[PDB]
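Here is the structure we will look at, set down as structure tokens.
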Protein chains: 2
Amino acid sequence: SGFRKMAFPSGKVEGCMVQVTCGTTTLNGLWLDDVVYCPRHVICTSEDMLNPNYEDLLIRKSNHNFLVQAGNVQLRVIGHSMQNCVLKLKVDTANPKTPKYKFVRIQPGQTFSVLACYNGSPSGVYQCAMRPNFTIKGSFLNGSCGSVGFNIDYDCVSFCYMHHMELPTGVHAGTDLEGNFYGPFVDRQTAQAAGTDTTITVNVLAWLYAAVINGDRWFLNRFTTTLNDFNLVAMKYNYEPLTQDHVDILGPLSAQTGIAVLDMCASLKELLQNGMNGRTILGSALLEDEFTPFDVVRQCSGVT
Amino acid sequence: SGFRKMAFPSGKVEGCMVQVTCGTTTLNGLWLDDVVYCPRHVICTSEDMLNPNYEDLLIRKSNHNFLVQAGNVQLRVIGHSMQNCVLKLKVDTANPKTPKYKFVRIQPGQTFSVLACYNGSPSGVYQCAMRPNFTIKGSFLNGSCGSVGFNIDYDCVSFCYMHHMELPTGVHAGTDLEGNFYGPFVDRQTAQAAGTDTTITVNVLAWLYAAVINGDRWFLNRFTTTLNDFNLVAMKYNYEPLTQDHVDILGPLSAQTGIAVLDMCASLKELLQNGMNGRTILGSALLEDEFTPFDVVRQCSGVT
Ligand SMILES: N#Cc1ccc(CNC(=O)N2CCOCC2)cc1
Ligand SMILES: N#Cc1ccc(CNC(=O)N2CCOCC2)cc1
């Protein structure tokens with residue numbers, strides 16, 4: 001029993017973190033097989049970051065300008081290329097700790113673990129969600145760029161995020177491992193405002209199911225609703241619209257608890273309209289939206 | 001910027017987890033050097049757990065009855081002994097992945113990371129605190145016993161917790177790695193009620209400092225207080241008394257922010273008396289108490 005904001009075990013990813021230095025800029029790289037992946041802004045001075053021309057800045061860089069250190073041993077760079085907003089540094093040594101891995105581009109509302117790193121060294125692991133506005137709410141100081149986000153399926157690491165940027169509002173933006181930003185953001189020190197940070201409704205419902213499974217039931221009421229009725233309330237409260245696809249995804253949690261998805265929607269509707277009245281659910285005073293239905297099943301069933 | 005409930009990177013501990021089976025009971029063990037540490041209740045049937053005599057149950061057990069599996073390779077048990085509530089299984093192979101480590105018995109209010117495991121396989125990592133009533137609020141299903149709690153100082157893992165028990169109230173109890181329970185709990189399926197789960201005041205203040213550092217400042221007020229005045233309010237709200245030792249520990253955060261500890265106490269006093277009025281601090285609608293002053297400094301300074 002008990003329900004925690006749980007990250008994947010980080011060991012498989014710790015074995016992939018390296019330091020990348022280009023001139024006076026140091027950040028993190030990801031070493032998989034004989035390629036090191038890092039943010040292309042490693043080539044920028046802080047001055048460069050106001051309006052960088054990355055292709056032009058890269059012409060001035062040779063393999064020997066990219067210093068890659070794995071622990072306290074230097075890797076030899078034998079090639080480099082830019083793919084979107086990431087550099088791929090080809091090294092002469094395959095990472096012997098390379099796990100089974102994939103690169104995945106996640107959808108908003110999907111959760112992942114972040115291994116926060118500085119100078120190629122892991123500092124901490126925490127659980128994030130891709131927000132509906134394609135930001136994440138992370139914990140990143142200067143030096144953390146190139147820290148990655150991932151999911152694990154048994155022994156396969158799916159890398160979904162590389163840290164690039166903090167917006168002036170202190171939320172975070174980054175890329176998939178093909179170097180494509182999530183959302184509209186660019187690797188430039190310019191005005192970039194995030195859109196509405198809407199609540200991930202299907203995740204809230206998942207977490208209400210987790211609450212019921214773990215004995216927190218006070219919020220269950222005598223009501224039901226319809227998708228259309230619920231969605232009028234969702235809109236009013238800056239919740240994402242609930243689709244039949246979301247209802248389908250919650251089917252296993254509905255089955256386990258015997259609470260129809262639309263009944264849990266009516267419970268959520270009353271919580272939105274009434275608030276918590278000073279009560280808590282799974283030790284939270286607000287409705288938690290960074291657990292997916294898959295996260296709730298995994299944690300409630302003990303998948304390794 | 002940003003402030004997250006962050007666990008230590010789990011790799012060093014993942015390399016120590018093994019499966020221990022005794023008859024039909026399987027749980028987790030910790031393999032350090034040539035010793036495997038596990039809960040002594042591995043020797044119990046569920047029937048045994050109502051009123052176990054561990055010394056008597058252990059007489060019926062030989063080295064060959066303790067099946068220890070590290071991945072998919074069996075370890076040879078060449079000795080076994082009971083130390084308090086843990087068994088120490090001597091194996092013929094030193095764990096080649098043994099990190100630098102220590103065994104520490106933590107005090108209430110101290111935080112640590114838990115690597116939740118099943119059948120010797122890591123499932124997840126999360127951050128806990130030792131509650132003032134010597135329970136922890138974990139996420140543990142059947143099979144998770146022998147999962148451990150730890151802190152890391154650079155390359156030294158300090159193990160502070162091994163999971164043994166879920167109370168009928170769904171909170172968790174366990175031992176240090178010498179097998180001594182935290183608090184009054186015993187490894188027996190009997191009535192065990194936890195005492196008052198008081199709020200860890202020094203940790204709340206640390207987290208208010210973290211909030212100010214990360215730009216959440218709405219709760220800062222024009223007031224100060226005294227330790228005695230604050231403590232009258234703490235008592236009323238089931239907060240731990242604040243001591244000068246706690247004020248001393250918060251000194252670095254006071255210095256960094258320029259907010260006197262007693263001024264932050266007066267801000268906390270008003271939050272206790274007024275509530276949040278529907279506002280949030282670092283994305284929380286309640287006052288968070290599972291960050292220590294050391295955690296706030298570490299996370300805010302990027303220690304690896
Ligand atoms: N992609 C990207 C990218 C965009 C803007 C910048 C500007 N620098 C910045 O925000 N840092 C934050 C931490 O402290 C030092 C300066 C850097 C990288
Ligand atoms: N130390 C200890 C200890 C105390 C009581 C028990 C009784 N079993 C129990 O609570 N589990 C919970 C999970 O589902 C199956 C039964 C076991 C170990």
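For the numbers below, each heavy atom of this structure counts, side chains included, while hydrogens, waters and symmetry mates do not. Both counts, for ligands and for their atoms, begin at 1 and track the order of listing. First the proteins, then the strands, lettered A, B, ... as listed; each starts at 1.
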Give a yes-or-no answer on whether the side chains of [X] and [Y] include a donor-acceptor pair shorter than 3.5 Å.
X: A/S139; Y: B/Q299; result: yes
X: A/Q83; Y: A/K88; result: yes
X: B/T135; Y: B/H172; result: no

Nearest protein heavy atom under 4.0 Å from atom 12 (C) of ligand 1, yes or no: no
Is the closest protein non-hydrogen atom to atom 9 (C) of ligand 1 under 4.0 Å? no
Contact check: B/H41 vs ligand 2, nitrogen or oxygen atoms, below 3.5 angstrom: yes
Could you check which of A/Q192, A/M49, A/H163, A/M165 puts a non-hydrogen atom nearest to atom 18 (C) of ligand 1? A/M49
Look at the aromatic rings of B/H163 and B/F140 and report parallel, tilted or perpendicular, splitting at 30° and 60°. parallel
What atoms in ligand 2 come closer than 4.0 Å to a heavy atom of B/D187? 1 (N), 2 (C)
Among all protein heavy atoms, pick out the one at the shortest distance from atom 7 (C) of ligand 1; state its residue, atom name and that distance to 0.1 Å. A/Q189 OE1, 3.4 Å
So which protein heavy atom does atom 16 (C) of ligand 1 come closest to, and at what separation? A/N142 OD1, 4.5 Å
For A/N180, is there any backbone N or O sitting under 3.5 Å from a side-chain donor or acceptor partner on A/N84? no
Would you check if the side chain of B/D56 reaches a backbone N or O of B/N53 as a donor-acceptor pair within less than 3.5 Å? no
